[PDB]
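Below sits a lone chain in structure tokens, taken as the form deposited in one PDB entry.
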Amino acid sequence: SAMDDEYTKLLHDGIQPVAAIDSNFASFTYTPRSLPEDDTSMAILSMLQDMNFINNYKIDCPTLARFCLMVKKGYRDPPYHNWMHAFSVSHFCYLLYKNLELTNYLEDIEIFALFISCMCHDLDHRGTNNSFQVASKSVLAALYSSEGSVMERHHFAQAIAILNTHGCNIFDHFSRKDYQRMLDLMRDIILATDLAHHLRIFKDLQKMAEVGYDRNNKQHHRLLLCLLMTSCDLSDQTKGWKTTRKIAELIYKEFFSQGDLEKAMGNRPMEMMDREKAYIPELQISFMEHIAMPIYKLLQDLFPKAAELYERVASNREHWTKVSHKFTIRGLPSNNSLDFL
């Protein structure tokens, strides 16, 4: 059993200091995808420790070690929605904690729930979207299509299935009320990763940013958690151009594979999932403009120290404009051949 040996070391070796992971590990400039995948479960532990969640919530170490490994094992390997995505999304949550003073805004348990949700938020993704589940009449659509957010409901349900696995319930010593709270938070935060949900609450997010965050307003806590979750989920776009480029490759590999399947089903894919129609620079500019930039502008409005995140996203969008000409074939292809006609 690979997991068992991995568990043994994770549990008995000690939790590595977060600075020992990387000297800039707690910086917005750090790219968590740089971390070797073999090191990420230990890094999860290091972040949990550094945020003092292990001590504060008296988390049983053997349970926590099993839990983190089970979460890791609960991701498949599509090009984008794999464990390294969830790891990088969790890392950003950690960055938010280390850089933005979330304790002035959120309860301890809410911040804890946010991190755990980040770990779990894409569990068992198959690299297809919600519409595909319905179109392909998948088991997940049979379960959840009547409620919407099919994949996100599945991710949440997988998170709970891991909790309910013997030896993996990191919350099983919580009071009944705290346990109920935690799972309720996990539901809300994971469902909030449906970008359809984000677009639906965006005006409320705007209004909250307009009037000003009210720590006494329970709906403000819920809205902020949604915004932070989305911010973690899209946080690849806040890194350097190179990350942005690689992430685009991964996302479109995944999209186009879905598109191939939709064509094999007799359905016409979304333009952005059709490898014969998708024009990636324009698609990425649209995504940055209509989705990512507004999110990090909201985040900046709420947290002035997040300004650099927004400006980096704006920058990456500018870079798509500048490299777009390169998608037009000038001269001959590099093989000197017009055979592709």
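Don't overthink the numbering: it's just position in the shown sequence, from 1. Shifts are known only where both forms have a C-alpha. Between two forms, the rigid core is the largest collection of C-alphas that superpose within 1.5 Å.
Below: the form deposited in another entry, not depicted.
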{"query": "Position that moves between this form and the one not shown after core superposition, taken from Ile201, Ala141, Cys168, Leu183, with Cα shift of 2 Å or more", "finding": "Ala141"}
{"query": "Core-aligned C-alpha movement of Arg275 between this form and the one not shown, 2 Å or more", "finding": "yes"}
{"query": "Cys232: Cα shift of 2 Å or greater between this form and the one not shown (core-aligned)", "finding": "no"}
{"query": "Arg153 C-alpha shift between this form and the one not shown of 2 Å or more, rigid core reference", "finding": "yes"}
{"query": "Closer or farther: C-alpha pair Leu140/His121 in that other deposited form, relative to this form, given a change of 3 Å or more", "finding": "farther"}
{"query": "Residue pair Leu199, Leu143 - Cα distance in that other deposited form, closer or farther (3 Å or more)", "finding": "closer"}
{"query": "Segments of at least three residues whose Cα atoms shift by 2 Å or more between this form and the one not shown, after superposing on the rigid core", "finding": "124 to 153, 261 to 265, 270 to 278"}
